[PDB]
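Student: Take a look at this one; I'll ask things after.
Residue numbers (the entry's author numbering): 1 to 106.
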């Protein structure tokens, strides 16, 4: 299934992880759960989407996270402060500010 827009557009083209086989079409790429973009040269055209989050406002590259909490903040407290919580990647804030989706596109 085609991934939500932010899982595709919020990635730096140079950080793209290739998805599918050589020559996979735009439709096949989307159908496979990947993102397709034929506009940037020299980078994968069919690529893996960013991990899905609780909401699409919480989708962004790990390096774009703005710390909305503190060391040891709980998921619930983070949710109270109106933020996104994700503790699966090292060195990055686990509680972070979400970003409205107007920038997202295919």
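For every residue, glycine included, the Cβ atom is placed at its ideal position computed from N, Cα and C.
To the nearest whole angstrom, what separates the beta carbons of residue 99 and residue 57, a pair I think is in contact under 8 Å?
Tutor: Against the chain shown, residue 99 aligns to sequence position 99. Against the chain shown, residue 57 aligns to sequence position 57. So it is a contact: roughly 6 Å between Cβ atoms.
Student: Counting C-beta neighbours from all protein chains within 10 Å, is the total for residue 11 16 or more, i.e. buried, or is it exposed?
Tutor: By 1-based counting over the chain shown, the position of residue 11 is 11. Burial call: buried.
Student: Counting C-beta neighbours from all protein chains within 10 Å, is the total for residue 73 16 or more, i.e. buried, or is it exposed?
Tutor: Locating residue 73 in the chain shown gives position 73, counting from the first residue. Buried.
Student: Going by C-alpha to C-alpha distance, which of 90, 75, 35, 88 sits closest to residue 16?
Tutor: By 1-based counting over the chain shown, the position of residue 16 is 16. Per the Cα distances, 35.
Student: Would you kindly report the start and end of the unbroken alpha helix (DSSP H) that includes residue 5?
Tutor: As a first step, residue 5 must be located in the chain shown, where it is residue number 5. From DSSP, residue 5 is part of no alpha helix (DSSP H); its letter is neither H nor E.
Student: Could you spell out where the alpha helix (DSSP H) holding residue 30 opens and where it closes?
Tutor: The count along the chain shown starts at 1 and reaches residue 30 at position 30. It spans 26 to 31 - the alpha helix (DSSP H) in which residue 30 sits, taken as one unbroken run.
Student: Roughly how many angstroms separate the alpha carbons of residue 80 and residue 59, rounded to a whole number?
Tutor: Working through the chain shown from its first residue, we reach residue 80 at position 80. Working through the chain shown from its first residue, we reach residue 59 at position 59. Near 18 Å, if we compare the C-alpha coordinates of residue 59 and residue 80.
Student: Check this for me: beta carbons of residue 38 and residue 104, under 7 Å apart or not?
Tutor: Here the question's residue 38 lines up with position 38 in the chain shown. Here the question's residue 104 lines up with position 104 in the chain shown. Contact: no.
Student: Take residue 20 and list the residues in its own chain whose beta-carbon comes closer than 8 Å to its own, dropping the five residues that flank it on each side.
Tutor: Residue numbering aside, residue 20 sits at position 20 when the chain shown is read from its first letter. Cβ within range, chain order: 28, 29, 32, 34, 46.
Student: Take residue 96 as the anchor and find which of 42, 7, 78 has the nearest alpha-carbon.
Tutor: Numbered from its first residue, the chain shown carries residue 96 at position 96. Checking every option, the nearest Cα to that of residue 96 belongs to 78.
Student: Based on Cα-Cα distance, which residue from 84, 51, 76 lies nearest to residue 66?
Tutor: Position 66 of the chain shown, counted from the start, is the residue given in the question as residue 66. Checking every option, the nearest Cα to that of residue 66 belongs to 84.
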